[PDB]
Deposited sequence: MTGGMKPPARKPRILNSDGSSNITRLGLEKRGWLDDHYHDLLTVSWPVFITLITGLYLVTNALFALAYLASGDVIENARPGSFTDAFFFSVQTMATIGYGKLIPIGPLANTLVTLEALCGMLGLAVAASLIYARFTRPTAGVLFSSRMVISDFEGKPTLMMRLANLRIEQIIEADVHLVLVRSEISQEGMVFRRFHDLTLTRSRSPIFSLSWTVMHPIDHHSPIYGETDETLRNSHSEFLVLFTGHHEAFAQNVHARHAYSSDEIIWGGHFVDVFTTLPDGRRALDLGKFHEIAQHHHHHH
């Protein structure tokens, strides 16, 4: 079983555990549940105002006396500010509730808009991760590599990548634990990420995987977490993306196929159909 899923999420059951986190819940529920909650409060509030009008008496013009239906639809036309003009308030109290209901309708619109903006304005990075890593010689050193691709034409500014090894380790007190190792990279910051980025960890005598083999990486249940962050121009907003690799997904001796090609016209070109293609000696 893999501790980390391919999407970079955790695979641990949270056994540890309706308005204790209401703001978080309103932003994280599905859209149909969200729209349903908004609708319920919308209807519930009008029903409450309908009861308020009736409690005052027959204070709605052209309304059947004691009718909740008529009072409710008058509440709707008031809170929403439709104000057709057939059902209208009679007397100071009805007109005072109307003054209140209008305020309530504006406040509710502001709240609903605030929540919708927070849910909408959560963009995706649009970044593709290579399905595998490779370990192969680069500049005379065995180098762990993966690569990323921008799926959009807009560029990503101040793009950072973090490659973390997660493996079970034993302390000199005999304590066995999962340790996280930030892997030194040749380039961790790309000021402008536009097309493709080959992320590289030279396995030098300081690397946590120096001397390791495919087999020793399994025995430590070694996994590799990748985090990408950057400022996306399409959104003028920060974005991120995560991914995880198991030891099984390292191609020892592999080489990523070049995704940059030259056309017959001589134009430089990016072919992302080879993004997952790895070359290997047989």
Point out each run of deposited residues with no C-alpha coordinates, keeping the order of the sequence.
1-11, 29-32, 298-301
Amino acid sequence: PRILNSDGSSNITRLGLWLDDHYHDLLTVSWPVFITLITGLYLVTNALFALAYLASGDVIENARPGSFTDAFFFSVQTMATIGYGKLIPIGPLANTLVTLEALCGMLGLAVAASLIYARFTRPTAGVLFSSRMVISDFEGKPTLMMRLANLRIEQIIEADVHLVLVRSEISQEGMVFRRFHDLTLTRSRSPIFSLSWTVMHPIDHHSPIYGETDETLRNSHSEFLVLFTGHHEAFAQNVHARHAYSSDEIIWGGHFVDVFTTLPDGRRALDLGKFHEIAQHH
From here on, numbers count along this sequence of modelled residues.
Should the higher mean CA B-factor in the entry be assigned to 110-118 or to 166-174?
166-174
Quick note on 206-214 and 144-152: per-entry mean CA temperature factor is higher in 206-214
Which of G126, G83, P92, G105 ranks first by CA B-factor in the deposited coordinates
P92
Looking at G254, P32, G57, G230, which has the biggest Cα B factor in the entry?
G57
Could you tell me which third, lowest, middle or highest, the C-alpha B-factor of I3 occupies within its chain?
highest
Ordered by C-alpha B-factor within the chain, which third holds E139? Give me lowest, middle or highest, please.
highest
Thinking about Cα B factors across the chain, which third does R189 belong to?
middle
Chain thirds by Cα B factor, record data; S220 belongs to the highest
So, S130's CA B-factor, relative to its chain, sits in which third? The lowest
